[PDB]
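Okay, structure first, notes after.
Indexing begins at 1, ligand by ligand and atom by atom, following the structure's order. Convention: sequence-line order gives letters A, B, ...; per-chain numbering from 1. All values below come from the heavy atoms of this structure, side chains included, with hydrogens, waters and symmetry mates left out.
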8 protein chains.
Amino acid sequence: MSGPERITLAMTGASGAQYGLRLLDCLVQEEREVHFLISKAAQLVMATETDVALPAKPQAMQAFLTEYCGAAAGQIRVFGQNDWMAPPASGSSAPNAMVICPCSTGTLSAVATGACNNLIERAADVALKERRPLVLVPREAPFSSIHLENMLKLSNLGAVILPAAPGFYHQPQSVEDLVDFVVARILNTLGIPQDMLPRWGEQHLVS
Amino acid sequence: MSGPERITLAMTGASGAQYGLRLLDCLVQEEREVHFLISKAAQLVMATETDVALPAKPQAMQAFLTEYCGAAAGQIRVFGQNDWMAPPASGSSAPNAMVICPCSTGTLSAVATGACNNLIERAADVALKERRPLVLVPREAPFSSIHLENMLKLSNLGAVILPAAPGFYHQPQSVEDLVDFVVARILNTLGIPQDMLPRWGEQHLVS
Amino acid sequence: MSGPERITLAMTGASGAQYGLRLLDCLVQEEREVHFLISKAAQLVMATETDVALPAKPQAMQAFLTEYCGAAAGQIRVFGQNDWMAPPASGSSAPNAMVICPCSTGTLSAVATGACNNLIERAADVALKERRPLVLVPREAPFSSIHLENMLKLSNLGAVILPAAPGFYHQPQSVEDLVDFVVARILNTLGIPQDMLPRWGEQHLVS
Amino acid sequence: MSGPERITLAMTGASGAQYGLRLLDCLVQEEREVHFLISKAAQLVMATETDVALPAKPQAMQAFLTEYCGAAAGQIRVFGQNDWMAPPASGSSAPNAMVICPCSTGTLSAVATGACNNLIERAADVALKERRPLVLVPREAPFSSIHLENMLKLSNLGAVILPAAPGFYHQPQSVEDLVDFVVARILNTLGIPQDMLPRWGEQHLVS
Amino acid sequence: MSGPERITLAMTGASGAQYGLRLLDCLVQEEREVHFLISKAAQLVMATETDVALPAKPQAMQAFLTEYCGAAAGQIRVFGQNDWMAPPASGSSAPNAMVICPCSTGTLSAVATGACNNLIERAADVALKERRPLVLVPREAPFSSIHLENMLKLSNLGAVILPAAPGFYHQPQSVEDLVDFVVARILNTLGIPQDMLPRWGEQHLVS
Amino acid sequence: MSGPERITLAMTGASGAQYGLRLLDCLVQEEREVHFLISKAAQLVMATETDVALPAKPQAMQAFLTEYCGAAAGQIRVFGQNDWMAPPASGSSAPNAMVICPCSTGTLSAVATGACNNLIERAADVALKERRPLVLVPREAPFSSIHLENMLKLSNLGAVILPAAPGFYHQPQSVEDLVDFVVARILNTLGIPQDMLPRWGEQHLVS
Amino acid sequence: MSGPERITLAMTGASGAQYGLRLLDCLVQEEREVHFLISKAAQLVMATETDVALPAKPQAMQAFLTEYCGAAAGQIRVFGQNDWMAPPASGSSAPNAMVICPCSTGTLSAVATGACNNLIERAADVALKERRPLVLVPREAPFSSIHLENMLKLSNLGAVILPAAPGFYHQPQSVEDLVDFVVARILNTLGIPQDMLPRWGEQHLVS
Amino acid sequence: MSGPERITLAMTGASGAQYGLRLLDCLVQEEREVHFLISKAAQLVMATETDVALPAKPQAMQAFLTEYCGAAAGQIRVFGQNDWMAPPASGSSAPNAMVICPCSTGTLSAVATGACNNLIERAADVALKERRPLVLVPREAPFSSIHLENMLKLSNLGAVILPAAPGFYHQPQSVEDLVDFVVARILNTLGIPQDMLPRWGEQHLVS
Ligand SMILES: Cc1cc2c3c(c1C)C(C)(C)CC=[N+]3c1c([nH]c(=O)[nH]c1=O)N2C[C@H](O)[C@H](O)[C@H](O)COP(=O)(O)O
Ligand SMILES: Cc1cc2c3c(c1C)C(C)(C)CC=[N+]3c1c([nH]c(=O)[nH]c1=O)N2C[C@H](O)[C@H](O)[C@H](O)COP(=O)(O)O
Ligand SMILES: Cc1cc2c3c(c1C)C(C)(C)CC=[N+]3c1c([nH]c(=O)[nH]c1=O)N2C[C@H](O)[C@H](O)[C@H](O)COP(=O)(O)O
Ligand SMILES: Cc1cc2c3c(c1C)C(C)(C)CC=[N+]3c1c([nH]c(=O)[nH]c1=O)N2C[C@H](O)[C@H](O)[C@H](O)COP(=O)(O)O
Ligand SMILES: Cc1cc2c3c(c1C)C(C)(C)CC=[N+]3c1c([nH]c(=O)[nH]c1=O)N2C[C@H](O)[C@H](O)[C@H](O)COP(=O)(O)O
Ligand SMILES: Cc1cc2c3c(c1C)C(C)(C)CC=[N+]3c1c([nH]c(=O)[nH]c1=O)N2C[C@H](O)[C@H](O)[C@H](O)COP(=O)(O)O
Ligand SMILES: Cc1cc2c3c(c1C)C(C)(C)CC=[N+]3c1c([nH]c(=O)[nH]c1=O)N2C[C@H](O)[C@H](O)[C@H](O)COP(=O)(O)O
Ligand SMILES: Cc1cc2c3c(c1C)C(C)(C)CC=[N+]3c1c([nH]c(=O)[nH]c1=O)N2C[C@H](O)[C@H](O)[C@H](O)COP(=O)(O)O
């Protein structure tokens, strides 16, 4: 298997809940283990923008998402926002890649400054200290200089700043096809197989 | 009339030709004068991603776009890539706002370093020196640190870095509704009226 | 197989065409796929410094190099300087490592600033954004502070700055042995096997 | 086998000789090849803080450590402080990971500035230029700003700054259990198996 | 009496609760007044790593610690996390020295950025603005560049960054002797007498 | 007694041996304890510029200086350049102030970068980490930017950069009176009484 | 003739009037033309520290100094502090080297920031813009970080920061011999012959 | 005569002893005086890579090199690594240009930080403070960011960073012709005549 066995998927309070759910579903189909974290603001976004009725408490959430994705028994683990007993809270945990999708500008700030105010922020702090993959998927416009400084600092440290900025070069027909572009880019970054976005120019031999 | 009378609209070689055409059409409907500039790479993008058959030479382009948008006689001016006789090449020109949509990472670089290799890049250099509005609409993912440094430098100088990162909070039903989100944000930035994206919370009085 | 399956090999206009041709030949012998890019200035260098008569147009070049190296059918792909349909132009391409050998100071600048003026520069921009290997092989002396700043910026982002500065510690007898030192260092960087430069001290057990 | 085949283990003159000896012993048990380097000041520390009577000259040291650890024939190589014929002195050597444990503040300085005054410092300079793993294990308190600047510079370049700051969350009963915490973190960093420190939260499924 | 009359002792959520309790006990024995602050995460650490059953609410905590240490009547003051009426919340308070032991990376961040989210963070902000002693005792490994930048900024402003990195040069026999090394260094920093760690070389006259 | 009880006085290889000997003599007269360190290059300077025949080995040096200054029994301690058992090598030592007089540009460099190559450099590293007084007395001209950067870094951290730049405003009659100006400034910095340089304007009441 | 034909010699309000007068005298003996500028504070220093009774108004000063030095008719030109008609006020003047000896910390500041408050400061601003030699001779101790930053900035731009820090390695017998050391260094910097300070090691052939 | 009368030629421990010997020989043929300095590591390089049997002690070395080059009586002066009586140790020496060829990365570091650990490093420190020519000829690959930062700092101060990166544009036939390219560039930098590398384009009048 190419790519990581385990992904920590954190959803925070930016627009774009559909990207995080689609990623969750793709990861499950590629038989990966997912450690799923969601902020209170992200729960309000998912309520506002989607018709996914996600239960509030972690065990009910775990059961709902397991059904939603067709996941195996304990393939998706759900941890609450202060559960310091969860693997992402410590660098002594087994290695996983982390993706924050969508990543609010407030979460981006916390990760860039080291704030650790909750498990998502601590998980990212641990990813950086242990040199484990960290992918941030902001969805904001305009980006202010505050945002850009925080992204630059993190990029220079080896985090991947992957904005929710879909391309249009594979004839998208629906909102879902734009969602799938961004998700495909995340999986490419992680080294996980995907077949939603072809390899550019792969059959072009010369000219 | 709120907002600028004249906009220089530059399209460069990033994915997202639909955003630039939609903006062009909205500007025309708001009775603004548009000084339209398009790079060779952007012409290849518009060919690849859209079914708009845009003529190559500036007078034919001007006629095509005038028809496409329903514009008035000489409402859209089209200038080629080395036409230094055009108003955007000099700061002694009448003031206009400039938008580069989509803005390639190569154009972003040129604007951040001052390269002036063609009329688009020179136009942006002039906008910055004259303190006229400059909005850049990049479409790239991931953003590398090269990109982020260039965006930060320009943001700190007062350019608006407005990524093609649509929101999902107004129940988008189509690819067009995502395009219209980004276009609405550009027009809001410019102070030009738009009715594609409601004013958030405008009827919320308390709680 | 250790090391990458596919290498993008870009030759630009610094002295040292022999290094790029030797690398091309070694990569072919290690059964790798090569996406070969050459600038106009590099073509004038190869004419000035070598007796390799390299055809100008990409399909003739592809045939010439395939013969020169003994490569397999479509093992070497050749792309022209504005061929945006080629795999290196997009990060949605299959992953490859990129080497720019020789790397002119003008190309070094473009990569450090993000200029993207042609396919070589765009390919490097993509390597950096996707965190794929990027090795730059400058050949210049003196290095000015302009050069050194650009190299530092790129090194700090994880590019490998590998000057064409051969060592003399393996009893070189010819110009070719100096060329092979530098090529061996490139292949070591990439993780590709080579037997031109022994492993230093490999049989020294103690003292 | 996960992790590197060969480790360069350098011991320098900070308190904490026990960490370096314990690491040496763990590496040997995981059947790795160790290129062992020790400074004169580190030899005085090991004399002051431990009851290990380590011979001064490299072949006697090699024999002593081989016995101490139960190592195989030439599993541990010992090189003196100016032995430029040893593999760590050149980047043309076979790849290994390097750990400096303990790392004195003087060694940290030398690595951050590039001083190369002896084989340890040169070995680290080579690790950085070749992008091979480099882990520094300082033991100092307070850290001054001199120290912190040097650590930051090296961390930003991809070295791992791993202070000898044991945790207490696995019920340590002895000085040895604290030593083993730090050693476990080094081996985790290197990707080498260890069973001294459990994976945090590995059996926690939800809450 | 040498050293400060009053210490604000803040315990935050890093491993190493034993260091903070030992310091508390030493300060009490040196007849100092202690303003004790503890975060919720630190309370969970003390529960996880020690057999100290510390009551949750501040008056019960005050009574427990007073008994635990043998302190005098109101020698230990305990303030909750939002008690802005407490002396540490204002610079108009009587001067005290502040120690944060252990100091989580999240607390380090807050102090370096000025976040003031609770009384501990505000107390540190006040120490810095009033130029009163501030000692931070982090316990983390590896230190990432995020951490190191925050430590450097604070060190450059005159805070003392004192990692929980015990030395081994006074023949430690137990976990307690390592704890006492770090505590002795804190008291030395503060100018408070201690007899757990001898003065190095104090009887060495020459050589 | 005002000022420190114990001074570490390090002499390094810049011109100006007379300043260090004069300071040594003044410190002895003010009944302070002196921990005296001298580099090999400083010994060659004292031979070149003075008629002081200073013995090479530390106990003979100690006896010579004790006689030269009229010091009490073990008032002057002399430590050699690698004597890590001496108090200045550790921050667990009793507090003293440190003066490096004269301070070579090489010593200034080592202190600014943290090099610790000998006891003098380590002593300074310890002074900085423990926030103990550190006064550097360079004697060089011109100062290059290398020198000035190193001085600035150290000044910003709270070291006192006190060049051997005597004033002429107290009617100096001899080389000795210029030496005494600089020595008086060092003692003023340390808070040690001196009567060689009057207090400027002390009897001026008004105008 | 080696070295410049014309020197602008500015004396400002630091201690060390003797250095400026000695330099003036040496320049006159080497048949150079001197454009002499003196601040009001420097006039008060020369009154306080020397027995030179220097007239206040520029023509009387010119006559006095001409006599004092044995200069030729109009060899010394004297300009007042706001005489913008004097050659040093403009870069269109004939080239000369400039020395500010002594250079007050206030003058150093003005030159580093560009303040131009009087002819001395403007003259230095002109030297820097025209890339003409500028030598600053500060006499201050300690140097604060304010001072050091200003010196560094100017050194990095190519000014020579030459502190009044005499050496003792040519057996000085008097205050005058220390003055002559510093003056010799200034003349060496300027490329003007001097015989007060021998060429170090000039007769040493080997060892 | 164009160029300097006297060159300090320092050889340090990088590969490329042939460049330093060739330069030495060219300087001697141009009747310059050479102050030759060689490090211990450079002596081991010259033994490893060449068949030059260079005696260890400075007078024997002086005699050997004088014969090797055909130099005049005392045309080559040889100084050992701590000979502070030699002209390069002081800025009061007669002016010479300095070249460090090859320049190890350790020597580059020392020169950039001001370390002065031996006569070579001190000589370079003096060249920089006196604004005398300093040319560094590194031979390393890859260059790490440590190296590049040190080169940049020195380049910005006016040192010439001239890598041992030969060009191929004058039809080199042998290893010697590559050596001569680099040597020709050094002599061009110094302003010393050479006829090994023609003046590019000197007979091209137009096109
Ligand atoms: C609830 C809420 C918060 C939005 C938000 C919306 C809602 C419903 C939308 C969907 C209506 C409109 C867009 N929003 C954005 C957003 N932050 C951001 O970076 N990008 C967003 O696109 N925010 C703000 C963000 O949630 C906050 O600043 C939270 O404090 C983030 O906290 P978190 O990082 O712990 O999730
Ligand atoms: C033609 C071409 C160029 C793409 C491109 C594509 C094509 C068709 C797509 C649509 C197939 C895939 C995505 N592309 C992107 C892109 N540059 C960029 O910043 N973002 C893009 O989304 N580029 C590269 C960009 O066009 C170049 O680097 C040009 O040199 C930009 O030149 P310009 O700034 O003058 O327009
Ligand atoms: C054609 C040409 C260009 C040389 C050159 C030569 C020629 C024949 C030589 C071989 C005669 C002499 C040395 N050259 C160097 C060089 N640039 C550089 O960094 N190092 C070189 O060694 N250049 C300049 C370089 O080619 C330019 O600045 C181009 O604009 C680079 O464009 P490119 O990056 O797209 O290839
Ligand atoms: C010998 C000696 C040197 C100690 C030392 C001790 C001794 C016995 C102890 C064990 C008694 C007390 C603590 N020490 C520390 C230390 N340097 C440091 O960063 N942390 C330490 O914990 N040092 C100083 C350090 O050894 C020096 O500054 C050397 O010059 C380092 O040289 P090295 O990097 O080549 O080993
Ligand atoms: C509860 C909890 C939190 C640990 C923790 C542990 C637990 C039990 C351990 C003991 C099991 C494992 C190690 N931990 C560390 C830690 N933070 C840190 O900098 N170093 C630590 O050593 N953390 C995380 C830290 O508590 C958080 O990031 C909190 O948000 C800090 O909040 P605070 O600054 O207000 O106390
Ligand atoms: C021996 C020697 C070294 C001089 C020196 C002299 C001699 C006799 C003099 C007295 C003849 C001329 C002036 N010297 C100066 C000097 N370094 C410096 O910063 N300022 C000086 O004034 N140096 C160089 C300095 O000694 C070195 O660079 C040593 O490596 C410093 O080593 P140290 O810091 O361990 O003492
Ligand atoms: C008059 C006066 C001013 C001294 C001074 C003295 C006097 C007599 C002395 C001789 C008694 C004591 C030392 N002084 C120094 C000094 N400034 C300085 O950088 N170094 C000095 O050595 N100053 C201060 C300096 O003169 C001021 O700050 C002026 O504003 C400088 O103005 P200027 O640059 O235009 O000359
Ligand atoms: C002896 C030795 C040292 C090599 C070396 C070799 C040997 C024989 C070779 C020839 C086998 C392989 C390449 N080497 C290089 C090298 N340093 C460097 O910057 N570039 C080199 O090309 N080094 C390391 C360098 O010598 C050290 O780091 C010394 O401490 C430098 O000390 P120095 O600056 O005083 O000469």
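- The minimum heavy-atom distance linking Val137(H) with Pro163(H) is given by the pair CG1-C, 4.4 Å.
- Shown here are the side-chain contact (heavy atoms from CB on, under 4.5 Å) partners of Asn117(D), two or more places apart in sequence or in another chain: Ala110(D), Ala115(D), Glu121(D), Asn117(F), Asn117(H).
- Taking the ring pair (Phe, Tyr, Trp, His ring centres under 6.0 Å) definition, one finds that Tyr19(G) meets it with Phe168(F), sequence neighbours left out.
- Interatomic distance, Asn150(G) CG to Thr107(G) OG1, rounded to the nearest 0.5 Å: 11.5 Å.
- Contacts of ligand 5 (protein heavy-atom distance under 4.0 Å) are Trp84(A), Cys116(A), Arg122(A), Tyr169(D), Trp200(D), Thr12(E), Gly13(E), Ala14(E), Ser15(E), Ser39(E), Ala41(E), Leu44(E), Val45(E), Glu49(E), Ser104(E), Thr105(E), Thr107(E), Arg139(E), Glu140(E).
- In terms of the side-chain contact (heavy atoms from CB on, under 4.5 Å) criterion, residue partners of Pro88(A) (sequence neighbours excluded) are, by chain and number, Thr8(A), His35(A), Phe79(A), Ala86(A), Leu119(A), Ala123(A).
- Across every non-hydrogen atom of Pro166(C) and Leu178(C), the tightest pair is CB-O, 3.6 Å.
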